Amino acid sequence: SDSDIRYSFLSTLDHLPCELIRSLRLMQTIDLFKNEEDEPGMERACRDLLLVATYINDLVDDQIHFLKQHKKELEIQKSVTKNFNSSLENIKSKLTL
Amino acid sequence: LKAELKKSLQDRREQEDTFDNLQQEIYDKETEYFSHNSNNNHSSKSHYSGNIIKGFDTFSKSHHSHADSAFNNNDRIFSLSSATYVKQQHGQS
Amino acid sequence: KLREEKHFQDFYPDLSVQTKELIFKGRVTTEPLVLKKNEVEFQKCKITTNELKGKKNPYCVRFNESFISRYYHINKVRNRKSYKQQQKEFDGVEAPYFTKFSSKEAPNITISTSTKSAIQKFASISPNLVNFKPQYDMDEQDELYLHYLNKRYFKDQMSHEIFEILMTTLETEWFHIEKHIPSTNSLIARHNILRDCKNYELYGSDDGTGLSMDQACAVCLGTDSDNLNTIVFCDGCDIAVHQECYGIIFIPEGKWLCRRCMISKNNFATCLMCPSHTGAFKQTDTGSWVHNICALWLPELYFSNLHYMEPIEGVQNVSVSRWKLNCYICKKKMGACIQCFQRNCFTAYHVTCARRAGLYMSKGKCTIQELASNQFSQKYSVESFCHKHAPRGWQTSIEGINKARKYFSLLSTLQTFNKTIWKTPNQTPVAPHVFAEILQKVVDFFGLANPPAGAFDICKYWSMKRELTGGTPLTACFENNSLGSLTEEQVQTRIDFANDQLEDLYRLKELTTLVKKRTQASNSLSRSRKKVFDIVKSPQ
Amino acid sequence: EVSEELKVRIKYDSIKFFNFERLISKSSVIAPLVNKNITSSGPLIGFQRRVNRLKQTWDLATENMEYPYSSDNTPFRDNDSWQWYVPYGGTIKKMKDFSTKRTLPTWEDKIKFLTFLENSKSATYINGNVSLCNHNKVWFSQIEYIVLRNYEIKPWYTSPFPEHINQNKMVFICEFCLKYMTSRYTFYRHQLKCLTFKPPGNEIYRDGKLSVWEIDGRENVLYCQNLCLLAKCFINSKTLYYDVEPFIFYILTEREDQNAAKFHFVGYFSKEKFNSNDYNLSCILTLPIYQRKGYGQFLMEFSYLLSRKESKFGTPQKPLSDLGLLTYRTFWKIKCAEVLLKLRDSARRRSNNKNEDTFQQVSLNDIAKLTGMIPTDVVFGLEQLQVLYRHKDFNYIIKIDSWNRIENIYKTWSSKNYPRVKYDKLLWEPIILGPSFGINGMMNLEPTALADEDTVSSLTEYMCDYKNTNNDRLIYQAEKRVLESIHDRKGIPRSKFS
Amino acid sequence: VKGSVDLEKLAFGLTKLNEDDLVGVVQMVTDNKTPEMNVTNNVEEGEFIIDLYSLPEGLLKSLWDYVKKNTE
Ligand SMILES: CC(=O)SCCNC(=O)CCNC(=O)[C@H](O)C(C)(C)COP(=O)(O)OP(=O)(O)OC[C@H]1O[C@@H](n2cnc3c(N)ncnc32)[C@H](O)[C@@H]1OP(=O)(O)O
Ligand SMILES: [Zn+2]
Ligand SMILES: [Zn+2]
Ligand SMILES: [Zn+2]
Ligand SMILES: [Zn+2]
């Protein structure tokens with residue numbers, strides 16, 4: 001009897017697509033409404049696009065990092081719980097039941 | 001200088017070739033990425049079938065169906081993000 | 001409500017303070033505006049902090065020292081980049097905007113190969129020391145302890161930075177053991193509930209724990225629950241409260257912690273008005289945790305925001321006559337009290353004392369919101385009753401008041417195969433042998449002359465300082481990560497789902513890389529095309 | 001020095017009296033010299049309170065203070081609980097590794113600890129509760145200053161800082177990470193380490209020096225809590241201290257010239273992520289060091305720019321303070337004057353030939369679409385400008401007496417040289433909320449009824465909106481549409497009244 | 001004159017202390033301060049005015065022992 005796993009990984013199942021689509025929409029807006037007449041505008045839009053690309057890349061990578069760390073901690077916690085139960089099995093007498 | 005002119009034109013042609021190749025590769029890769037769904041549900045037995053972007057609670061065993069191979073063209077959220085792509089889309093349709 | 005907050009007059013949809021109403025209902029008036037100014041609102045001091053700094057440099061060894069100068073900005077003059085060139089590089093269109101992922105190293109200092117090898121060797125000490133940065137702030141009484149250590153053990157070679165680094169090492173190493181403690185299972189749960197039942201039988205309690213096999217509400221003494229306002233359980237302690245009662249409006253996904261366990265630690269504090277240490281505690285507008293029931297029932301105390309039950313305001317406003325009284329059950333001489341409701345009775349008591357004893361308390365028919373409003377102070381009051389003036393059905397609770405007296409007398413008297421105790425009676429840490437081992441390894445890494453007693457001394461000092469603070473961690477780092485109460489198969493399913501999501505994130509990353517490449521290519525194409533197409537139109 | 005005649009005078013060299021090493025050295029020898037039976041009973045302030053609490057809980061105390069502290073130990077004060085048999089919850093297994101025989105603090109070396117403590121007293125007091133610049137007590141605070149950049153700001157309203165901070169009378173605060181200590185030595189030691197000189201989050205607008213960073217509410221849960229606690233010292237009614245996830249914080253900083261750039265905090269405003277009340281701003285603040293300089297109006301115009309980019313109508317939270325109302329009035333007045341002047345100047349181009357008989361009437365919705373506020377704010381602005389007339393058919397009519405007065409108002413307000421927003425220097429896009437509304441908390445079958453949701457939305461497309469051109473992304477492009485909507489209409493003749 | 005300490009001799013012996021001992025005296029007095037005593041401090045200039053007839057006897061004994069120790 002437990003809730004659905006979808007709500008546990010809320011930082012990867014929900015909050016990543018939000019920001020990814022937001023950033024892509026901003027990039028499309030910039031590219032579409034860039035007007036070719038002004039050299040300063042074009043030069044600015046260049047680095048805007050490049051920056052948004054770098055941002056979305058790093059935003060993707062950070063989640064991989066966090067997820068690897070979480071998996072490691074999970075397996076360690078499983079080992080610890082098993083050892084703790086095995087240990088506490090022997091001290092059944094002290095606990096008054 | 002016509003020499004500088006042709007020196008610019010050659011690199012221009014190479015650059016537009018690379019750009020078109022990148023566009024096509026992104027297109028096909030995203031098609032495969034959105035279509036890969038059915039293989040895991042049809043063949044451990046990780047019944048979780050469904051992507052992360054378009055995926056919803058079908059990315060959980062609460063649902064069971066085999067129509068997961070349905071996807072339209074308004075979901076190419078990685079190729080839509082360019083101006084040339086949407087202009088060509090609206091031109092051809 | 002002032003006039004500048006309103007909607008409209010009669011109709012217009014087509015082609016010095018004034019208040020229209022009163023706060024709720026009234027007529028137009030005026031008020032001279034008070035934008036006060038004390039004429040001394042601020043002043044600028046003359047001497048900076050770095051002006052009155054120390055005079056002697058306590059360092060004598062440089063054995064693998066760049067690890068310090070990497071993280072600490074000791075008073076050295078780096079590459080003097082002219083402010084004009086810094087403005088040129090940080091205020092030009094060539095300078096992009098910043099982001100929360102911009103490499104937090106500034107190009108003014110470039111990391112050398114020796115430095116990176118040193119930090120790698122440091123990280124290799126223990127798996128919990130990767131991604132490490134010093135985080136402790138030396139006090140003004142640690143100076144004497146540093147002097148004593150430097151005179152006795154380390155032959156006058158230890159430095160402030162080394163002391164701080166050791167302290168943060170101990171902190172991190174304890175946190176990574178703290179996070180994994182298994183929370184609960186069936187055996188200890190049964191032991192806890194039986195112990196609490198026996199406790200309530202012996203002395204009685206005010207938190208609601210032990211009335212039956214089920215818990216209750218520490219604020220309203222209720223038992224039911226709905227879907228709009230559930231009954232959430234704290235984890236530091238084991239109290240249970242509802243949302244609209246305790247002012248819960250944000251239910252987190254993992255572990256919920258009461259306000260006390262979040263801000264302070266479970267260290268047994270007391271009300272400013274009631275002599276106890278158990279129940280649901282709320283903050284006042286200064287600190288000074290107060291019982292969320294003492295505050296409700298004391299008249300002059302009232303809440304500020306009726307939705308959050310946040311800072312308990314109006315504490316100094318209570319008169320001096322209340323502090324003259326003294327409860328007749330506990331019979332201490334601290335806090336506030338309330339009199340019996342029946343006339344001609346003048347027997348006061350604290351509210352937690354009244355509850356624990358089991359006198360007659362009744363909220364009547366008003367709601368929690370109306371009672372915390374401070375406007376029901378003018379409406380009919382709540383009804384608390386003395387011992388002898390109890391109403392029908394409620395028996396004489398001399399037994400209960402003697403139970404309360406026995407609990408308090410026991411507390412006062414307590415005031416007056418192989419087992420290794422690992423925490424003080426206040427539930428604060430105690431460093432084990434492995435920590436001393438790590439500390440000796442670190443001292444060896446830095447190159448000082450380490451005797452094996454200095455590590456034990458520093459561990460004792462760390463434990464005693466953490467006992468002095470009260471329970472709050474010295475360093476401020478803390479994460480909501482709570483593995484804890486997870487079972488085994490749950491961890492297994494989590495691992496499986498994590499593997500799937502990671503396999504997906506890989507394809508996502510590849511797609512993103514291709515996107516970036518396309519962007520760069522199109523950019524260069526436009527860059528060249530503009531000149532190649534303007535040169536033909538401009539003969540020049 | 002001149003002790004003669006019953007009165008003494010001494011000179012300091014304050015730059016030597018306030019030294020650190022000398023303070024500690026002198027306190028070390030002062031502490032034992034003063035008779036240790038020199039004590040009071042009434043006052044219980046931070047240092048002595050902490051020392052007495054520790055002495056009472058260690059039982060190495062002495063009855064000096066008659067006020068009691070009761071809760072000290074658990075009723076089950078027993079050395080046979082099951083905890084001592086399974087050490088450390090089991091996260092260690094080697095027998096010679098959880099052994100705590102060489103590290104238990106001894107009754108012997110608790111006394112050295114207490115000795116260092118009671119020797120550092122004078123140094124602690126001088127470092128904490130003595131101001132550098134020249135200018136029952138447990139219930140109200142004792143703070144008298146706040147040392148933020150290098151100033152000593154006075155507060156206006158108390159704030160729920162922790163107790164050991166509220167018991168002192170100088171709280172030091174770092175202006176780069178918003179952390180608070182209660183000792184100048186501690187502050188120096190911490191500034192020796194804090195190396196990054198930029199707040200978290202990304203920066204979106206940068207003109208000259210002024211910058212505005214955008215900080216989320218769930219990725220930085222410490223910065224935002226400290227910011228709320230600080231701002232509560234000046235704002236009278238702000239009751240969001242701890243749960244700071246649903247909000248989004250925009251922060252204003254000034255950059256100056258280790259020699260790299262440093263971004264000094266100067267002010268902020270906060271915006272709720274999702275709500276259905278046409279709100280635009282929850283709280284705003286500029287530091288007392290530099291106000292009456294334009295930053296408040298800058299932040300207000302920036303917020304309105306964000307709302308118009310989001311294509312809505314906005315207004316601040318209603319319980320307005322006095323010092324804020326006195327600014328919003330002026331802002332509304334100047335905005336209405338500016339939109340009227342721009343309307344005039346635009347009509348002056350194509351109105352070179354037609355007579356004055358044709359009166360082009362406009363409406364509150366047009367003025368709102370042009371500026372950004374809501375109709376009631378527009379009419380308050382017009383009121384402050386003295387242009388509306390409900391003369392004794394049409395009831396209401398705007399009428400200008402002379403075209404010099406309004407441009408005079410505008411030029412005199414402009415001659416102050418305040419900084420203003422430049423539309424093209426922004427890099428932002430309205431936020432999108434998934435099935436969890438951007439937070440990490442409450443989830444049930446209620447948000448689907450609240451939606452006017454089940455895990456079916458997941459921000460499906462949000463990218464095919466280019467096909468329709470009814471909405472306009474460029475504000476200076478939608479303004480021409482709003483300007484040509486009702487201004488080609490056949491104008492009313494002027495012969496109605498004279 | 002009053003108490004176990006003669007204020008005249010105390011003030012006289014106060015004169016022979018050097019500057020560091022003077023700063024120490026100022027710090028000792030500034031630490032423990034009561035509403036009755038009349039002490040005035042000026043931090044920019046560096047002035048410190050104090051009247052012995054206002055101080056209590058505890059600080060008087062403390063100053064007596066301090067100067068007695070540090071004079072020789
Ligand atoms: C709930 C909500 O949404 S709003 C709550 C806001 N209330 C508070 O923040 C309380 C503390 N208040 C503040 O910190 C700040 O004052 C603010 C943001 C309100 C505005 O202060 P400022 O930075 O100085 O605004 P600003 O630069 O533009 O002031 C310019 C003009 O505003 C008006 N005005 C502003 N302050 C004053 C003032 N103290 N007295 C008289 N008029 C003032 C004047 O027109 C003033 O012009 P002036 O220079 O001729 O006097
Ligand atoms: Zn309740
Ligand atoms: Zn709790
Ligand atoms: Zn009592
Ligand atoms: Zn800092």
# chains A, B, ... in the order shown; residues from 1 in each chain; ligands from 1
>>> residues_around(residues="residue C:271", least_positions_apart="4", cutoff="10 Å", atoms="only C-alpha atoms", output="JSON, numbers by chain")
{"C": [275, 276, 277, 278, 281, 282, 288, 289, 290, 291, 292, 294, 295, 334, 335, 336]}
>>> write_last_selection(atoms="C-alpha atoms", output="PDB file, in the first residue's frame")
ATOM      1  CA  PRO C 275       6.472  24.990  32.286  1.00  0.00           C
ATOM      2  CA  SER C 276       6.566  21.989  29.935  1.00  0.00           C
ATOM      3  CA  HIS C 277       8.522  20.643  26.971  1.00  0.00           C
ATOM      4  CA  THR C 278       6.042  18.527  24.981  1.00  0.00           C
ATOM      5  CA  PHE C 281       5.131  24.623  19.599  1.00  0.00           C
ATOM      6  CA  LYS C 282       4.913  27.888  17.665  1.00  0.00           C
ATOM      7  CA  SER C 288      11.091  32.131  22.206  1.00  0.00           C
ATOM      8  CA  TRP C 289       8.943  29.125  21.253  1.00  0.00           C
ATOM      9  CA  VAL C 290       5.484  29.175  22.838  1.00  0.00           C
ATOM     10  CA  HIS C 291       2.856  26.463  23.207  1.00  0.00           C
ATOM     11  CA  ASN C 292       0.284  26.570  20.421  1.00  0.00           C
ATOM     12  CA  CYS C 294      -0.918  28.363  25.882  1.00  0.00           C
ATOM     13  CA  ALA C 295      -1.044  31.092  23.239  1.00  0.00           C
ATOM     14  CA  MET C 334       7.122  31.142  36.244  1.00  0.00           C
ATOM     15  CA  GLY C 335       4.757  31.838  33.369  1.00  0.00           C
ATOM     16  CA  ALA C 336       1.145  32.931  33.028  1.00  0.00           C
TER      17      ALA C 336
END
>>> residues_near_ligand(ligand="ligand 5", cutoff="6 Å", atoms="only C-alpha atoms and all ligand atoms", output="list in words")
residues 174, 176, 177, 191 and 194 of chain D
>>> write_last_selection(atoms="N, CA, C and O atoms", output="CSV table (one decimal), in the first residue's frame")
chain,number,residue,atom,x,y,z
D,174,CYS,N,26.1,39.1,5.8
D,174,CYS,CA,26.8,39.1,4.6
D,174,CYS,C,25.9,39.6,3.4
D,174,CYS,O,24.8,39.0,3.3
D,176,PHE,N,26.3,39.1,0.3
D,176,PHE,CA,26.5,38.3,-0.9
D,176,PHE,C,25.8,36.9,-0.9
D,176,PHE,O,25.5,36.4,-1.9
D,177,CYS,N,25.6,36.4,0.3
D,177,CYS,CA,24.9,35.2,0.5
D,177,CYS,C,23.8,35.3,1.6
D,177,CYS,O,23.1,34.3,1.8
D,191,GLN,N,34.0,36.1,5.9
D,191,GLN,CA,34.3,36.9,4.7
D,191,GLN,C,35.6,36.4,4.1
D,191,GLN,O,35.8,36.5,2.9
D,194,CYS,N,34.0,33.4,1.9
D,194,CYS,CA,33.0,33.6,0.9
D,194,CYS,C,33.6,34.3,-0.4
D,194,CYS,O,34.0,35.5,-0.4
>>> closest_residue(among="C:437, C:488, C:105, C:161", to="chain A", atoms="only C-alpha atoms")
C:488
>>> interface_residues(of="chain A", to="chain C", cutoff="6 Å", atoms="only C-alpha atoms", output="short mmCIF file (atom, residue, chain, number, x, y, z; two decimals) with N, CA, C and O atoms, in the first residue's frame")
data_model
loop_
_atom_site.label_atom_id
_atom_site.label_comp_id
_atom_site.auth_asym_id
_atom_site.auth_seq_id
_atom_site.Cartn_x
_atom_site.Cartn_y
_atom_site.Cartn_z
N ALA A 53 21.56 27.48 -25.94
CA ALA A 53 21.94 26.10 -26.24
C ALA A 53 22.80 25.51 -25.13
O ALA A 53 22.55 24.41 -24.63
N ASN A 57 21.90 22.33 -22.53
CA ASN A 57 22.78 21.17 -22.41
C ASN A 57 23.15 20.89 -20.96
O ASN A 57 23.03 19.76 -20.47
N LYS A 78 19.78 0.22 1.18
CA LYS A 78 19.27 -1.15 1.23
C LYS A 78 20.18 -2.05 2.04
O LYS A 78 19.72 -2.81 2.91
#
>>> atom_distance(atom1="atom CA of residue E:54", atom2="atom CA of residue E:39")
9.0 Å
>>> interface_residues(of="chain E", to="chain D", cutoff="6 Å", atoms="only C-alpha atoms", output="list in words")
residues 15, 31, 46, 47, 48, 49, 50, 51 and 62 of chain E
>>> closest_atom_pairs(of="chain C", to="ligand 2", cutoff="9 Å", atoms="only C-alpha atoms and all ligand atoms", output="JSON lines")
{"residue": "C:216", "atom": "CA", "partner": "ligand 2", "partner_atom_place_in_ligand_line": "1 (Zn)", "distance": 8.5}
{"residue": "C:217", "atom": "CA", "partner": "ligand 2", "partner_atom_place_in_ligand_line": "1 (Zn)", "distance": 5.1}
{"residue": "C:218", "atom": "CA", "partner": "ligand 2", "partner_atom_place_in_ligand_line": "1 (Zn)", "distance": 6.7}
{"residue": "C:219", "atom": "CA", "partner": "ligand 2", "partner_atom_place_in_ligand_line": "1 (Zn)", "distance": 4.6}
{"residue": "C:220", "atom": "CA", "partner": "ligand 2", "partner_atom_place_in_ligand_line": "1 (Zn)", "distance": 3.4}
{"residue": "C:221", "atom": "CA", "partner": "ligand 2", "partner_atom_place_in_ligand_line": "1 (Zn)", "distance": 6.0}
{"residue": "C:222", "atom": "CA", "partner": "ligand 2", "partner_atom_place_in_ligand_line": "1 (Zn)", "distance": 5.7}
{"residue": "C:223", "atom": "CA", "partner": "ligand 2", "partner_atom_place_in_ligand_line": "1 (Zn)", "distance": 8.5}
{"residue": "C:231", "atom": "CA", "partner": "ligand 2", "partner_atom_place_in_ligand_line": "1 (Zn)", "distance": 8.7}
{"residue": "C:240", "atom": "CA", "partner": "ligand 2", "partner_atom_place_in_ligand_line": "1 (Zn)", "distance": 8.9}
{"residue": "C:241", "atom": "CA", "partner": "ligand 2", "partner_atom_place_in_ligand_line": "1 (Zn)", "distance": 5.9}
{"residue": "C:242", "atom": "CA", "partner": "ligand 2", "partner_atom_place_in_ligand_line": "1 (Zn)", "distance": 5.5}
{"residue": "C:243", "atom": "CA", "partner": "ligand 2", "partner_atom_place_in_ligand_line": "1 (Zn)", "distance": 8.1}
{"residue": "C:244", "atom": "CA", "partner": "ligand 2", "partner_atom_place_in_ligand_line": "1 (Zn)", "distance": 7.5}
{"residue": "C:245", "atom": "CA", "partner": "ligand 2", "partner_atom_place_in_ligand_line": "1 (Zn)", "distance": 4.7}
{"residue": "C:246", "atom": "CA", "partner": "ligand 2", "partner_atom_place_in_ligand_line": "1 (Zn)", "distance": 7.1}
{"residue": "C:368", "atom": "CA", "partner": "ligand 2", "partner_atom_place_in_ligand_line": "1 (Zn)", "distance": 8.3}
>>> write_last_selection(atoms="N, CA, C and O atoms", output="PDB file, in the first residue's frame")
ATOM      1  N   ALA C 216      -3.826  11.199  18.589  1.00  0.00           N
ATOM      2  CA  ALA C 216      -4.838  12.246  18.603  1.00  0.00           C
ATOM      3  C   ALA C 216      -4.200  13.541  18.115  1.00  0.00           C
ATOM      4  O   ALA C 216      -3.113  13.538  17.531  1.00  0.00           O
ATOM      5  N   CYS C 217      -4.884  14.655  18.357  1.00  0.00           N
ATOM      6  CA  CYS C 217      -4.436  15.967  17.911  1.00  0.00           C
ATOM      7  C   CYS C 217      -3.864  16.749  19.085  1.00  0.00           C
ATOM      8  O   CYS C 217      -4.530  16.913  20.111  1.00  0.00           O
ATOM      9  N   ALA C 218      -2.636  17.238  18.925  1.00  0.00           N
ATOM     10  CA  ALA C 218      -1.976  17.974  19.993  1.00  0.00           C
ATOM     11  C   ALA C 218      -2.546  19.370  20.203  1.00  0.00           C
ATOM     12  O   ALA C 218      -2.156  20.035  21.168  1.00  0.00           O
ATOM     13  N   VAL C 219      -3.442  19.833  19.337  1.00  0.00           N
ATOM     14  CA  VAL C 219      -3.981  21.181  19.418  1.00  0.00           C
ATOM     15  C   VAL C 219      -5.478  21.178  19.693  1.00  0.00           C
ATOM     16  O   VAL C 219      -5.959  21.955  20.519  1.00  0.00           O
ATOM     17  N   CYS C 220      -6.233  20.317  19.012  1.00  0.00           N
ATOM     18  CA  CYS C 220      -7.676  20.266  19.178  1.00  0.00           C
ATOM     19  C   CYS C 220      -8.161  18.998  19.864  1.00  0.00           C
ATOM     20  O   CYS C 220      -9.362  18.888  20.139  1.00  0.00           O
ATOM     21  N   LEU C 221      -7.267  18.048  20.142  1.00  0.00           N
ATOM     22  CA  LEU C 221      -7.615  16.802  20.825  1.00  0.00           C
ATOM     23  C   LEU C 221      -8.660  16.012  20.042  1.00  0.00           C
ATOM     24  O   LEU C 221      -9.508  15.327  20.617  1.00  0.00           O
ATOM     25  N   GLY C 222      -8.600  16.108  18.714  1.00  0.00           N
ATOM     26  CA  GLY C 222      -9.502  15.384  17.850  1.00  0.00           C
ATOM     27  C   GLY C 222      -8.942  14.032  17.439  1.00  0.00           C
ATOM     28  O   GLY C 222      -7.809  13.674  17.747  1.00  0.00           O
ATOM     29  N   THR C 223      -9.775  13.273  16.730  1.00  0.00           N
ATOM     30  CA  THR C 223      -9.400  11.947  16.259  1.00  0.00           C
ATOM     31  C   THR C 223      -9.749  11.675  14.805  1.00  0.00           C
ATOM     32  O   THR C 223      -9.144  10.775  14.210  1.00  0.00           O
ATOM     33  N   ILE C 231      -4.352  14.308   8.943  1.00  0.00           N
ATOM     34  CA  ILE C 231      -3.646  14.316  10.218  1.00  0.00           C
ATOM     35  C   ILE C 231      -2.203  13.936   9.913  1.00  0.00           C
ATOM     36  O   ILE C 231      -1.889  12.758   9.706  1.00  0.00           O
ATOM     37  N   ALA C 240       0.976  14.530  16.213  1.00  0.00           N
ATOM     38  CA  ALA C 240       0.072  14.450  15.072  1.00  0.00           C
ATOM     39  C   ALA C 240      -0.911  15.607  15.126  1.00  0.00           C
ATOM     40  O   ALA C 240      -1.579  15.806  16.143  1.00  0.00           O
ATOM     41  N   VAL C 241      -1.006  16.362  14.030  1.00  0.00           N
ATOM     42  CA  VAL C 241      -1.846  17.555  13.977  1.00  0.00           C
ATOM     43  C   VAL C 241      -2.510  17.655  12.612  1.00  0.00           C
ATOM     44  O   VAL C 241      -2.053  17.067  11.632  1.00  0.00           O
ATOM     45  N   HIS C 242      -3.595  18.425  12.545  1.00  0.00           N
ATOM     46  CA  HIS C 242      -4.254  18.667  11.270  1.00  0.00           C
ATOM     47  C   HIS C 242      -3.791  19.985  10.665  1.00  0.00           C
ATOM     48  O   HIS C 242      -3.230  20.853  11.342  1.00  0.00           O
ATOM     49  N   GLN C 243      -4.056  20.126   9.365  1.00  0.00           N
ATOM     50  CA  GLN C 243      -3.532  21.257   8.609  1.00  0.00           C
ATOM     51  C   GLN C 243      -4.160  22.569   9.059  1.00  0.00           C
ATOM     52  O   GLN C 243      -3.449  23.527   9.383  1.00  0.00           O
ATOM     53  N   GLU C 244      -5.492  22.637   9.090  1.00  0.00           N
ATOM     54  CA  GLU C 244      -6.144  23.888   9.461  1.00  0.00           C
ATOM     55  C   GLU C 244      -5.954  24.226  10.930  1.00  0.00           C
ATOM     56  O   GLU C 244      -6.225  25.363  11.331  1.00  0.00           O
ATOM     57  N   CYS C 245      -5.499  23.272  11.741  1.00  0.00           N
ATOM     58  CA  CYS C 245      -5.211  23.535  13.144  1.00  0.00           C
ATOM     59  C   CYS C 245      -3.796  24.065  13.338  1.00  0.00           C
ATOM     60  O   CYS C 245      -3.610  25.155  13.886  1.00  0.00           O
ATOM     61  N   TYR C 246      -2.791  23.316  12.894  1.00  0.00           N
ATOM     62  CA  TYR C 246      -1.403  23.714  13.078  1.00  0.00           C
ATOM     63  C   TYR C 246      -0.935  24.711  12.025  1.00  0.00           C
ATOM     64  O   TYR C 246       0.232  25.111  12.041  1.00  0.00           O
ATOM     65  N   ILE C 368     -11.648  27.322  15.464  1.00  0.00           N
ATOM     66  CA  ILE C 368     -10.248  27.626  15.747  1.00  0.00           C
ATOM     67  C   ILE C 368      -9.884  29.001  15.202  1.00  0.00           C
ATOM     68  O   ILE C 368      -9.157  29.769  15.847  1.00  0.00           O
TER      69      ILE C 368
END
>>> residues_around(residues="stretch 71-77 of chain B", least_positions_apart="4", cutoff="9 Å", atoms="only C-alpha atoms", output="short mmCIF file (atom, residue, chain, number, x, y, z; two decimals) with N, CA, C and O atoms, in the first residue's frame")
data_model
loop_
_atom_site.label_atom_id
_atom_site.label_comp_id
_atom_site.auth_asym_id
_atom_site.auth_seq_id
_atom_site.Cartn_x
_atom_site.Cartn_y
_atom_site.Cartn_z
N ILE A 21 11.11 22.86 -22.48
CA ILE A 21 10.20 23.43 -23.46
C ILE A 21 10.20 24.95 -23.37
O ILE A 21 10.13 25.64 -24.40
N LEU A 24 13.36 26.13 -25.16
CA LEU A 24 13.26 25.93 -26.60
C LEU A 24 12.29 26.94 -27.22
O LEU A 24 12.54 27.45 -28.32
N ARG A 25 11.18 27.21 -26.54
CA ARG A 25 10.24 28.21 -27.03
C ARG A 25 10.89 29.58 -27.12
O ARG A 25 10.69 30.31 -28.10
N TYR B 27 16.25 15.34 -37.10
CA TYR B 27 14.91 14.87 -37.42
C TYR B 27 14.79 13.37 -37.19
O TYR B 27 13.94 12.91 -36.42
N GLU B 30 15.14 12.15 -33.57
CA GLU B 30 13.98 12.41 -32.72
C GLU B 30 12.81 11.51 -33.10
O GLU B 30 12.04 11.11 -32.22
N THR B 31 12.66 11.17 -34.38
CA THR B 31 11.64 10.20 -34.77
C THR B 31 11.89 8.86 -34.08
O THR B 31 10.97 8.27 -33.49
N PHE B 34 11.13 9.07 -30.31
CA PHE B 34 9.72 9.05 -29.97
C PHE B 34 9.05 7.73 -30.32
O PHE B 34 8.01 7.40 -29.74
N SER B 35 9.61 6.96 -31.26
CA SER B 35 8.97 5.73 -31.70
C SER B 35 9.47 4.49 -30.97
O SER B 35 8.81 3.44 -31.03
N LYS B 54 6.80 13.30 -23.77
CA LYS B 54 5.41 12.98 -24.07
C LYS B 54 4.82 11.98 -23.10
O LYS B 54 3.60 11.77 -23.10
N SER B 81 12.05 24.10 -32.96
CA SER B 81 12.70 25.25 -32.35
C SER B 81 13.52 26.07 -33.32
O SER B 81 14.16 27.04 -32.89
N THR D 460 1.91 19.63 -23.15
CA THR D 460 1.92 18.80 -24.35
C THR D 460 2.70 19.40 -25.51
O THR D 460 3.75 18.86 -25.89
N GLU D 461 2.24 20.51 -26.09
CA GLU D 461 2.90 21.07 -27.26
C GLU D 461 3.49 22.45 -27.01
O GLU D 461 4.71 22.63 -27.11
N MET D 463 4.12 24.83 -28.53
CA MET D 463 5.07 25.29 -29.53
C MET D 463 4.46 25.49 -30.91
O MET D 463 5.17 25.90 -31.83
N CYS D 464 3.17 25.20 -31.09
CA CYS D 464 2.48 25.42 -32.35
C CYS D 464 1.71 26.73 -32.37
O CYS D 464 0.82 26.92 -33.20
#
>>> closest_residue(among="C:152, C:537, C:531, C:104", to="chain B", atoms="only C-alpha atoms")
C:531
>>> select_by_dssp(residues="chain A", states="alpha helix (DSSP H)", output="PyMOL selection string")
chain A and resi 10-13+15-33+39-89
